Each structure stands twice: as C-alpha cells, then as structure tokens.
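Asker: Structure provided below as structure tokens; questions to follow.
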Amino acid sequence: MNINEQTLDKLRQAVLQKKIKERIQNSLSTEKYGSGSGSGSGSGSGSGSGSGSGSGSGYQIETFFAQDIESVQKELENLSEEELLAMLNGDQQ
C-alpha cells in the first residue's frame with residue numbers, strides 16, 4: 001500500500017553512511033602499495049613561540065569528499081530495499 005520507491009530513500013542513506021567510513025578507513029581498492037609523499041621546513045629568523053594542534057569529530061565531512069559523495073550515493077538511490085536494507089541490516093534477503 002504505502003510507497004516503496006520513496007521508502008528506499010531512508011535505506012540508501014542508511015547504507016551510504018557506512019560507505020563514508022569504508023572509503024576513509026580503507027581508502028584502497030585491492031590493498032595496493034602506492035608511493036606516498038614527504039615534507040620540508042625552513043630556518044626562519046628571530047625567536048618566539050612556535051607550536052600547533054587540531055581536533056574535532058562530527059557528521060559527514062562536507063570539505064573532504066562531498067563531490068565523491070554525490071557519485072557513491074548515485075549508485076544506491078537507484079537500488080531496491082533488498083539491496084540497501086540488506087547492507088545496513090547485515091541480513092541476506
């Protein structure tokens with residue numbers, strides 16, 4: 001009776017939420033090596049205090065993967081409940 005296609009919207013969003021943790025934590029495809037980068041510095045002049053620190057946690061990172069988000073979510077919004085619901089619920093149906 002009540003809608004099916006509009007209900008998937010709550011499912012796909014529930015599923016994509018784990019995908020954000022998957023892409024950030026795994027950040028791989030086939031456990032490849034890659035190559036990485038390094039850093040440098042400078043001498044400066046004078047004297048004074050020099051330090052820094054940072055912290056924080058929140059919902060999604062809108063300034064890190066927001067453009068990739070629209071792409072990964074595009075895969076789920078066209079999927080069925082049994083496809084999405086099964087991911088979030090972790091049940092094969």
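A note on labels: chains of the structure tokens are A, B, ... as shown, every chain counts residues from 1, and ligands are counted from 1 in their shown order.
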Please run DSSP on the backbone and report, as a count of residues only, all residues within chain A that come out as helix (DSSP H, G or I).

Answerer: 39

Asker: As an exercise, work out the distance from CA of residue 73 in chain A to CA of residue 13 in chain A in Å and give it to one decimal place.

Answerer: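 Rounded to one decimal, the two atoms are 7.7 Å apart.
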
Asker: Skipping near chain neighbours, those fewer than 3 positions away, what residues fall within 9 Å of residue 60 in chain A using only C-alpha atoms, listed as a ChimeraX atom specification?

Answerer: /A:17,20,63,65-66

Asker: Which one of A:53, A:1, A:7, A:15 sits closest to residue 84 in chain A if you count only C-alpha atoms?

Answerer: A:15

Asker: Using only C-alpha atoms, which residues sit within 12 Å of range 75-83 of chain A once same-chain residues fewer than 2 positions away are excluded, as a ChimeraX atom specification?

Answerer: /A:3-17,19,68-73,85-93

Asker: Could you write those residues out with N, CA, C and O atoms, as a compact mmCIF listing (two decimals), in the first residue's frame?

Answerer:
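part29.txt, written as the output of this step:
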# COMPACT_ATOMS: atom_id res chain seq x y z
N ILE A 3 3.99 3.59 -0.23
CA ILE A 3 5.11 3.67 -1.15
C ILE A 3 6.31 2.78 -0.80
O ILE A 3 6.64 2.51 0.36
N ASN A 4 7.02 2.39 -1.85
CA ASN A 4 8.21 1.55 -1.84
C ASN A 4 9.40 2.37 -2.32
O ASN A 4 10.33 2.55 -1.55
N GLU A 5 9.32 3.00 -3.49
CA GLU A 5 10.40 3.79 -4.09
C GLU A 5 10.88 4.95 -3.22
O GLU A 5 12.08 5.22 -3.20
N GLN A 6 9.97 5.64 -2.53
CA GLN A 6 10.29 6.76 -1.64
C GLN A 6 10.84 6.22 -0.32
O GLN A 6 11.50 6.95 0.43
N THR A 7 10.47 5.00 0.07
CA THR A 7 10.97 4.43 1.30
C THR A 7 12.46 4.08 1.15
O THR A 7 13.22 4.32 2.07
N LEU A 8 12.91 3.64 -0.03
CA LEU A 8 14.30 3.26 -0.30
C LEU A 8 15.20 4.42 0.09
O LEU A 8 16.34 4.17 0.47
N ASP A 9 14.72 5.66 0.00
CA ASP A 9 15.47 6.87 0.35
C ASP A 9 16.04 6.77 1.77
O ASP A 9 17.18 7.21 1.99
N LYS A 10 15.29 6.22 2.74
CA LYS A 10 15.77 6.08 4.12
C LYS A 10 16.80 4.95 4.21
O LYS A 10 17.64 4.94 5.12
N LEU A 11 16.69 3.95 3.34
CA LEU A 11 17.57 2.80 3.29
C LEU A 11 18.90 3.17 2.67
O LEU A 11 19.95 2.98 3.27
N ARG A 12 18.91 3.74 1.48
CA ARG A 12 20.13 4.13 0.77
C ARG A 12 20.98 5.06 1.61
O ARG A 12 22.18 4.85 1.70
N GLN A 13 20.37 6.04 2.27
CA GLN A 13 21.10 6.97 3.12
C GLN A 13 21.69 6.22 4.33
O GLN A 13 22.79 6.52 4.79
N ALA A 14 21.00 5.20 4.84
CA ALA A 14 21.46 4.40 5.97
C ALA A 14 22.69 3.60 5.53
O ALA A 14 23.64 3.44 6.30
N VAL A 15 22.69 3.11 4.28
CA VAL A 15 23.79 2.34 3.72
C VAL A 15 24.96 3.26 3.40
O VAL A 15 26.05 3.00 3.90
N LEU A 16 24.77 4.34 2.63
CA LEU A 16 25.87 5.24 2.28
C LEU A 16 26.63 5.71 3.52
O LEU A 16 27.85 5.84 3.45
N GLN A 17 25.96 5.87 4.66
CA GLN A 17 26.64 6.28 5.89
C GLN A 17 27.78 5.31 6.24
O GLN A 17 28.80 5.79 6.74
N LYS A 19 29.49 3.48 4.00
CA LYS A 19 30.43 3.67 2.90
C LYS A 19 31.37 4.82 3.18
O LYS A 19 32.54 4.73 2.82
N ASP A 68 32.63 13.41 -4.17
CA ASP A 68 32.64 11.97 -4.43
C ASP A 68 31.35 11.36 -3.86
O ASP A 68 30.87 10.32 -4.33
N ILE A 69 30.78 12.00 -2.83
CA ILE A 69 29.57 11.61 -2.12
C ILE A 69 28.40 11.51 -3.09
O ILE A 69 27.66 10.52 -3.07
N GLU A 70 28.24 12.50 -3.96
CA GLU A 70 27.14 12.52 -4.92
C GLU A 70 27.25 11.34 -5.89
O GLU A 70 26.22 10.86 -6.37
N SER A 71 28.47 10.88 -6.17
CA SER A 71 28.75 9.77 -7.07
C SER A 71 28.47 8.43 -6.40
O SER A 71 27.77 7.58 -6.96
N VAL A 72 28.98 8.23 -5.17
CA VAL A 72 28.77 6.96 -4.47
C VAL A 72 27.30 6.81 -4.10
O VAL A 72 26.73 5.73 -4.18
N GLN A 73 26.63 7.89 -3.69
CA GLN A 73 25.23 7.81 -3.34
C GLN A 73 24.39 7.55 -4.59
O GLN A 73 23.34 6.92 -4.47
N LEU A 85 18.76 -2.29 2.30
CA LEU A 85 18.24 -2.75 3.57
C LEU A 85 19.11 -3.92 3.99
O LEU A 85 19.50 -4.00 5.15
N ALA A 86 19.49 -4.79 3.05
CA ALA A 86 20.30 -5.94 3.39
C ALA A 86 21.71 -5.54 3.86
O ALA A 86 22.32 -6.27 4.64
N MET A 87 22.23 -4.40 3.44
CA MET A 87 23.57 -3.92 3.80
C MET A 87 23.57 -3.39 5.23
O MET A 87 24.38 -3.79 6.06
N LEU A 88 22.67 -2.44 5.50
CA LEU A 88 22.53 -1.82 6.80
C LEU A 88 22.07 -2.83 7.85
O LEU A 88 22.59 -2.81 8.97
N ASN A 89 21.16 -3.74 7.48
CA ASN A 89 20.65 -4.75 8.39
C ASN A 89 21.63 -5.91 8.53
O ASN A 89 21.61 -6.62 9.53
N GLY A 90 22.53 -6.06 7.55
CA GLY A 90 23.53 -7.12 7.54
C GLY A 90 22.89 -8.49 7.41
O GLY A 90 23.45 -9.47 7.92
N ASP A 91 21.74 -8.58 6.74
CA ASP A 91 20.95 -9.79 6.54
C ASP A 91 20.74 -10.06 5.06
O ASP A 91 20.41 -9.14 4.32
N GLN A 92 20.92 -11.31 4.66
CA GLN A 92 20.77 -11.73 3.28
C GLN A 92 19.31 -12.08 2.97
O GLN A 92 18.84 -13.17 3.33
N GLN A 93 18.58 -11.15 2.37
CA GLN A 93 17.19 -11.30 1.93
C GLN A 93 17.05 -10.62 0.58
O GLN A 93 17.95 -9.84 0.20

Asker: At what distance in Å, to one decimal, does CA of residue 62 in chain A lie from CA of residue 32 in chain A?

Answerer: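 That distance, rounded to one decimal, is 26.7 Å.
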
Asker: If you measure from CA of residue 23 in chain A to CA of residue 55 in chain A, what distance in Å do you get, rounded to one decimal?

Answerer: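 The value is 20.5 Å.
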